[PDB]
């Protein structure tokens, strides 16, 4: 597990997530893969130091975990990237999930009375439509996040 946030890492998101995809295949369920980029860590790190940036990451991680199911997967994909696997999702409920996830990551983190906030950008991929494996789905979600901010 990621030492800073305690969340599963990139390696673990795959080991876990690939099994969920195999389960969804058997159960005839859909799985939604969210790629979350957080903007604003460069400014926090440059101004206050990497340790304040790490406190922001830790609080944001805890907040997201508390707002998704314990059966869903939240991983620290990279430095300022998070990946979320939502098991047994449907298109009709997506808008509500995105609003909940965006509002949670957008909440300021009070670090010694300074109000530090990051800006989330989310890309979505859907299993089985967007791919057979988690590597494929993540690339689709990542590219969608990239193309929307252009």
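Residue numbers count along the first chain shown, from 1.
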- Item | Residue stretch of maximal mean CA temperature factor, 96 to 104 vs 111 to 119 | 111 to 119
- Task: Report the stretch with the higher mean CA temperature factor, choosing between 21 to 29 and 132 to 140 on the basis of the entry.
- Result: 132 to 140
- Item | Residue selected from 90, 50, 70, 67 by maximal Cα B factor | 50
- Could you look up the Cα B-factor of residue 43 in the entry and say which third of the chain it sits in: lowest, middle or highest? highest
